[PDB]
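First to last, the protein sequences are chains A and B. Take 12 as the starting number for the first sequence in my numbering and just add one per residue. Take 14 as the starting number for the second sequence in my numbering and just add one per residue. Even for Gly, the Cβ is constructed at its ideal location relative to N, Cα and C. Working notes for the structure below.
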Amino acid sequence: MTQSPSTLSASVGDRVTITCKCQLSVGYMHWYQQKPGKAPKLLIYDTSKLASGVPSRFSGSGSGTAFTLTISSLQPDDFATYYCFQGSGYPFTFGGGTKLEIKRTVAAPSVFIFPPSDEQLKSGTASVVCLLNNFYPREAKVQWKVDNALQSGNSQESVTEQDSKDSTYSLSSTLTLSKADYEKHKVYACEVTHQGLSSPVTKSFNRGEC
Amino acid sequence: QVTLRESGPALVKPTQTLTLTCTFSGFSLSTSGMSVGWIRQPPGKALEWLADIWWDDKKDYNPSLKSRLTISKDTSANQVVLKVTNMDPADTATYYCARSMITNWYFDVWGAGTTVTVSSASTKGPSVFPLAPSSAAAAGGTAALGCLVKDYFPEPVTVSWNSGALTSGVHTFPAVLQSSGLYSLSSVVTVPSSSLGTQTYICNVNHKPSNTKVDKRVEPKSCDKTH
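In structure tokens, the structure reads:
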């Protein structure tokens with residue numbers, strides 16, 4: 012069926028309303044809360060019944076073709092993907108989801124760089140890792156510079172799901188080089204640009220300093 | 014308490030048949046109104062209902078998939094089985110089984126979910142390398158260290174620190190498939206600078222898909238130079 016909004020960023024204390032519209036009339040609706048990569052948790056059954064162990068903060072309403080989920084005053088631990096489920100009539104279907112992000116104040120990332128281990132180098136490859144820890148907003152630009160030369164196409168990033176306590180993110184950028192190419196250069200630098208930074212932070216090391 | 018647990022192979026090849034088993038406890042599928050359903054979720058996609066079976070053996074199936082699905086139970090063994098035929102890459106997903114109580118509520122209790130990847134590539138266990146602390150000395154507040162878990166297939170891998178004793182400040186990044194066709198990820202943890210050189214830090218990596226476990230000690234590096 013149709014769920015909206017697909018995504019939403021809202022501040023703590025905000026009131027949030029999620030909607031599921033079915034083309035077919037529906038008897039009752041169920042709502043689930045799913046924390047990233049974790050199993051869904053039943054929040055509401057029979058359209059408006061709060062399930063056991065669910066904050067009165069959440070409530071469900073609706074009839075006919077439109078049903079809603081409401082969180083009266085959002086909070087950090089409400090970060091999750093919400094889903095409505097229609098099991099009252101055929102075909103049984105889930106909504107497409109509403110991923111809820113929690114807004115918080117800007118927090119600058121703590122940046123760290125890690126040189127490849129001697130052990131990995133032995134295997135013929137060099138991975139250089141840059142960590143940006145506990146920041147917000149999620150947008151951040153990390154550029155790798157080898158001997159001051161800007162790298163392109165040889166690194167991958169991975170971002171953490173929003174923290175359920177501090178509403179922050181962590182990111183890793185990983186640069187992969189052949190042992191051959193890695194030993195062809197001296198300084199490896201990770202330059203980080205972020206809203207909470209008045210000026211880009213750079214973490215680096217010289218191949219062989221340790 | 015009521016518990017459900019899904020199990021099956023972590024990797025299946027295109028066109029093959031997948032057999033998933035849901036083993037439960039805390040309840041009986043013979044109890045009037047009891048039901049066990051299957052739900053799946055492709056990486057980055059929404060939940061999709063697959064099928065369910067009632068205490069009286071009534072079976073229900075997703076129409077889009079009915080042709081490929083077979084659900085059955087063995088109350089004697091406290092398990093429900095779902096067999097999905099002709100597996101396609103698009104069937105790569107996390108599969109969950111959940112308990113329902115007819116006329117009362119759907120999926121009030123779910124299993125943890127089991128990851129299934131449909132691929133022609135073979136299973137490969139990970140290699141683990143230290144992300145040594147750039148620190149070394151005490152007075153410095155906080156230091157970050159971690160473990161690089163690379164070149165394994167398929168998902169997933171789990172990472173713990175000091176056999177579960179270290180959990181605060183741990184961040185295990187989502188795996189990312191490299192161009193090599195193998196996954197890689199890092200798990201980092203921030204600790205007291207003062208603890209470097211004194212506290213032992215070990216990442217425990219488990220790759221169930223290949224039955225491989227690797228513990229890797231992470232310590233400050235001994236520099237090569239004129240000492």
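* Of all the options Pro56(B), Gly46(B), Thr36(B), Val131(B), which has the alpha carbon lying nearest to the alpha carbon of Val94(B)? -> On the second sequence, position 81 is the one that residue 94(B) refers to. It is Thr36(B) whose Cα lies nearest to the Cα of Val94(B).
* Asked: Would you call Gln44(A) buried or exposed, if buried means 16 or more other Cβ atoms sit within 10 Å of its Cβ?
  -> In the first sequence, the residue the question calls residue 44(A) occupies position 33. It is buried - the Cβ of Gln44(A) has at least 16 other Cβ atoms within 10 Å.
* Bounding residues of the alpha helix (DSSP H) (the contiguous stretch that carries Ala191(A)) -> Looking up residue 191(A) in the first sequence gives position 180. Run containing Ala191(A): 190-193, per the alpha helix (DSSP H) assignment.
* Measuring only between beta-carbons, confirm whether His196(A) sits less than 7 angstroms from chain B. => Residue mapping note: residue 196(A) aligns to position 185 of the first sequence, counting from 1. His196(A) does not count as touching chain B.
* Best match in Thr79(A), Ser128(A), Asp177(A) for proximity to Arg26(A) [C-alpha to C-alpha] -> Counting from 1 along the first sequence, the entry for residue 26(A) is found at position 15. Taking only the C-alpha atoms, the option nearest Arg26(A) is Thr79(A).
* For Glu130(A), the first and last residue of its enclosing beta strand (DSSP E) -> Within the first sequence, residue 130(A) is the residue found at index 119, counting from 1. Looking at the DSSP string, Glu130(A) is not in any beta strand (DSSP E); the run it does join, the alpha helix (DSSP H), is 129-133.
* Is there a Cβ from chain A that is less than 7 angstroms from the Cβ of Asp121(B)? -> Reading the second sequence from its first residue, position 108 is the one you call residue 121(B). Chain A, which has a Cβ nearer than 7 angstroms to the Cβ of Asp121(B), makes this yes.
* To do: Run down chain A in chain order and give the residues with a C-beta less than 9 angstroms from the C-beta of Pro76(B).
  => Reading the second sequence from its first residue, position 63 is the one you call residue 76(B). Here the neighbours are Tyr101, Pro102.
* **Within 7 angstroms of chain B by C-beta, residues of the region 28-41 of chain A in sequence order** => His41
* **Secondary structure of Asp164(B), DSSP reduced to three states** => Position 151 of the second sequence, counted from the start, is the residue given in the question as residue 164(B). Reduced to three states, the DSSP call for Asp164(B) is strand.
* DSSP three-state assignment for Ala103(B), whether helix, strand or coil -> The sequence position of residue 103(B) within the second sequence is 90, counting from 1. The answer is helix: DSSP assigns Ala103(B) an H, G or I state.
* To do: Give the straight-line distance between the Cα atoms of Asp89(A) and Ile113(A), rounded to the nearest whole angstrom.
  => The residue labelled residue 89(A) in the question sits at position 78 within the first sequence. The residue labelled residue 113(A) in the question sits at position 102 within the first sequence. Answer to the nearest angstrom: the Cα atoms are 8 angstroms apart.
* To do: Note down the Cα distance separating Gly164(A) from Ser192(B), rounded to an integer number of angstroms.
  => Here residue 164(A) is taken as the residue at index 153 of the first sequence, counted from 1. Here residue 192(B) is taken as the residue at index 179 of the second sequence, counted from 1. Their Cα atoms are separated by approximately 11 angstroms.
* Could you please give the first and the last residue of the uninterrupted beta strand (DSSP E) stretch that includes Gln212(B)? => Along the second sequence, read from residue 1 onward, the residue named residue 212(B) stands at position 199. Taken as a continuous stretch (DSSP letters only), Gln212(B) belongs to no beta strand (DSSP E), as it is neither H nor E.
* Asked: Roughly how many whole angstroms lie between the Cα atoms of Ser169(A) and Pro187(B)?
  -> Looking up residue 169(A) in the first sequence gives position 158. Looking up residue 187(B) in the second sequence gives position 174. C-alpha separation (whole angstroms): 6 angstroms.
* Member of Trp68(B), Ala156(B), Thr98(B) whose CA lies at the smallest distance from the CA of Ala145(B) -> Reading the second sequence from its first residue, position 132 is the one you call residue 145(B). Looking at the Cα atoms, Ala156(B) is the closest of the given residues.
* For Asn144(A), three-class secondary structure by DSSP -> By one-based count along the first sequence, residue 144(A) stands at place 133. DSSP places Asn144(A) in strand when its eight states are reduced to three.
* Are any of the Cβ atoms in chain B nearer than 7 angstroms to that of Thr171(A)? -> By 1-based counting over the first sequence, the position of residue 171(A) is 160. Yes, because at least one Cβ of chain B sits closer than 7 angstroms to the Cβ of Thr171(A).
* Tell me, please, which residues DSSP counts as bridged to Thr213(A). => The sequence position of residue 213(A) within the first sequence is 202, counting from 1. Partner(s): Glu202(A).
* Based on the DSSP output, what are the partners of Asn219(B) in its beta bridges? -> What you label residue 219(B) is simply residue 206 of the second sequence in a count that begins at 1. According to DSSP, which records beta bridges pairwise, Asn219(B) is partnered with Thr171(B), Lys226(B).
* Asked: Quick one: what's got a C-beta closer than 8 angstroms to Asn75(B)'s C-beta in the same chain, skipping five residues either side?
  -> Your numbering for residue 75(B) matches position 62 in the second sequence. Within the same chain, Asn75(B) has close Cβ partners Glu61, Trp62, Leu63, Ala64, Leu82.
* **Reduced DSSP category for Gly177(B) - H, G, I as helix; E, B as strand; rest coil** => Your numbering for residue 177(B) matches position 164 in the second sequence. In this structure, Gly177(B) counts as helix in the three-state DSSP scheme.
* Identify the contact partners of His184(B) in chain A, using a Cβ-Cβ distance below 7 angstroms as the criterion. => If you number the second sequence from 1, residue 184(B) lands on position 171. Ordered by position in chain A, the residues that pass the 7 angstroms Cβ test against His184(B) are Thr171, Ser181.
* Pull out every residue of the region 98-131 of chain B whose Cβ sits closer than 9 angstroms to any Cβ of chain A, in chain order. => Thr107, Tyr109, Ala111, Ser113, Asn117, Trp118, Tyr119, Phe120, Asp121, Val122, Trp123, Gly124, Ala125, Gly126
* Which residues in chain A sit within 9 angstroms of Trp62(B), going by Cβ to Cβ distance? -> Residue 62(B) sits at position 49 when you count from the first residue of the second sequence. What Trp62(B) touches in chain A: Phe96, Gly98, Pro102, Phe103, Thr104, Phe105.
* Would you decide whether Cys95(A) is buried or exposed? Buried here means 16 or more other CB atoms lie within 10 Å of its CB. => Here the question's residue 95(A) lines up with position 84 in the first sequence. Per the 10 Å Cβ criterion, buried.
* To do: Select from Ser132(B), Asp73(B), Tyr109(B) the residue whose C-alpha is nearest the C-alpha of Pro102(A).
  => Start at 1 with the first residue of the first sequence, and residue 102(A) comes out as number 91. Of the listed residues, the one whose Cα sits closest to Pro102(A) is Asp73(B).
* Note down, in chain order, each residue of its chain lying with its Cβ closer than 6 angstroms to the Cβ of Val122(A), except the 5 sequence neighbours on either side. => Counted from its first residue, the first sequence places residue 122(A) at position 111. Cβ neighbours of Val122(A) beyond the five flanking positions: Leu143, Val203, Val212, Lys214.
* **Limits of the unbroken beta strand (DSSP E) element including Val49(B)** => Position 36 of the second sequence, counting from 1, holds the residue named residue 49(B). Segment 47-54, the beta strand (DSSP E) holding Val49(B).
* Comparing the C-beta of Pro139(B) with each C-beta of chain A, is any distance below 7 angstroms? -> Translated into positions along the second sequence, residue 139(B) becomes position 126. It does not: the Cβ of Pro139(B) has no partner Cβ on chain A nearer than 7 angstroms.
* Asked: If you pair each beta-carbon of the region 147-167 of chain A with each one of the region 183-190 of chain A, do three or more pairs fall below 8 angstroms?
  -> yes
* **chain B residues whose Cβ lies nearer than 8 angstroms to that of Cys221(A)** => For the purposes of this step, residue 221(A) is taken as residue 210 along the first sequence, with counting starting at 1. Simply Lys234, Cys236, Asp237, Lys238.
* Asked: Buried or exposed: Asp177(A), going by 16 or more other Cβ atoms within 10 Å of its Cβ?
  -> Position 166 of the first sequence, counted from the first residue, corresponds to residue 177(A). So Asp177(A) ends up on the exposed side.
* Asked: Along chain A, which residues have their Cβ under 9 angstroms away from the Cβ of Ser199(B)?
  -> Start at 1 with the first residue of the second sequence, and residue 199(B) comes out as number 186. Under the 9 angstroms cutoff, chain A gives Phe125, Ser138, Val140, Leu142, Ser169, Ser183, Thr185.
* chain B within 7 angstroms of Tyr56(A), Cβ atoms only -> For this step, residue 56(A) is matched to residue 45 along the first sequence. With 7 angstroms as the cut-off, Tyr56(A) counts as an interface residue toward chain B.
* **Beta-carbon proximity list for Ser70(A), same chain, < 6 angstroms, skipping 5 on both sides** => What you label residue 70(A) is simply residue 59 of the first sequence in a count that begins at 1. Cβ within range, chain order: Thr81.
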